[PDB]
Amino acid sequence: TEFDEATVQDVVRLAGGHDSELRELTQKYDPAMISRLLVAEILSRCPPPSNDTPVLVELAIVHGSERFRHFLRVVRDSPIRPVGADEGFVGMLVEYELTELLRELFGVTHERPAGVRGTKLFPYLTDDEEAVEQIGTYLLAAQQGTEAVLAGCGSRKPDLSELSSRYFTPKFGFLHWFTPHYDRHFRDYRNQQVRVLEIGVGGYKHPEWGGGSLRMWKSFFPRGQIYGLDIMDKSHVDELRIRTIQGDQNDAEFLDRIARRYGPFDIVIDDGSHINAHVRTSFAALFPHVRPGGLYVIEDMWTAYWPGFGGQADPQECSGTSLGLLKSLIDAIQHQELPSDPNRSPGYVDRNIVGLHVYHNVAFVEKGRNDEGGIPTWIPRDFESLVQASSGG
């Protein structure tokens, strides 16, 4: 909407810096625009409210003498939205300095249990005949309302399992159990300004469904930029820090173009067509654009056993399956151990895979320089010889 992608990215980049970068940021961009950007981001981070009684939390973003006042309406079963100053009972004033709020949302920072904000309970309540009866009405509501808003004003790791039920995406709960693995592999990336590409947005031909996992990744990586690729148009999903791209997963040249434009990627996820040949095309085309230390993730390898997706009944005939790829990746890892051959060159994947993690219906591939060196030729090539050479006479 208002917020240009390069600008959001620049803001996140500077927010991760020290004092000089924070000053630089607020000098480079209008403080009113930045405060607007933070509110939009906060509205996305807030968990569902639990309070039965509608309440207003006032979020005051302060910069020098300027106060950008946002009155957030908070109630169970309604998205948290900004309203007019008079449109409810202000249960809590929450105050942040602009640079502090930037650090909390987009910074590289340590946990801060206190000292980031100021709060005042029932800020506009005057001592009247109505006062005490109004305190009974609102005390719990103000507390719960505030909890929800405060949780949106920071970068505490969300629970992926919970986000999958919240954003309506099949990662955990019924058909799959991916999220605890995703958590283990992804959580160490959360300090970084990651670029994440997911192939397959969701909902298929439905004019409204999809983008659940995309929103999941936005919540999980507070400093990330998420991209979604789908053969269908999913522009209705675009929001702050989420970009949807329309194209074919099995078009390698096109994959190369978008990776050049938007890459390189810390993380690529394949959850698209699940057609076996597609997975192989996507991987060969997109693995070179994963950063060293990044991950390439393949979901739903179950289609490797099925003809309707270009797979095979017999698990042994894994010629062109996604499982065949995984198996071959083991040899790619071990490639420096092959008997020397003056004609053979290690392929690109050979040189660039350093780990493979395989779980039920999900596999993680580690991108890295695979150049540890094979076992020297002067270590004997049979067991009884090795014993002799290792027994120190």
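Quick note: we count residues from 1 along the sequence shown, nothing fancier.
Quiz item: For the stretches 122 to 130 and 72 to 80, which has the higher mean C-alpha B-factor as given in the deposited record?
Solution: For C-alpha atoms only, the mean B-factor is higher in 122 to 130.
If you take the mean CA temperature factor per stretch, which one wins between 111 to 119 and 210 to 218?
Between 111 to 119 and 210 to 218, it is 210 to 218 that shows the higher mean C-alpha B-factor.
Just to confirm, going by the entry's C-alpha B-factors, which of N276, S155, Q225, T244 comes out highest? Spelled out: the listed residue with the top C-alpha B-factor is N276.
Which one of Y296, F265, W306, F186 shows the top CA temperature factor in the record? Among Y296, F265, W306, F186, the highest C-alpha B-factor in the entry belongs to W306.
Based on the deposited C-alpha B factors for this chain, I'd like to know if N370 is in the lowest, middle or highest third.
According to the entry, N370 has a C-alpha B-factor in the chain's lowest third.
Worksheet item: How does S345 rank on Cα B-factor within its chain, lowest, middle or highest third?
Response: For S345, the deposited C-alpha B-factor lands in the highest third.
- Just say lowest, middle or highest third for the CA B-factor of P292 relative to the other modelled residues in its chain. Within its chain, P292 is a lowest-third residue by C-alpha B-factor, going by the deposited values.
Check: What third of its chain's C-alpha B-factors does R195 belong to: lowest, middle or highest?
Finding: According to the entry, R195 has a C-alpha B-factor in the chain's lowest third.
Chain-relative CA temperature factor third for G355: Lowest third.
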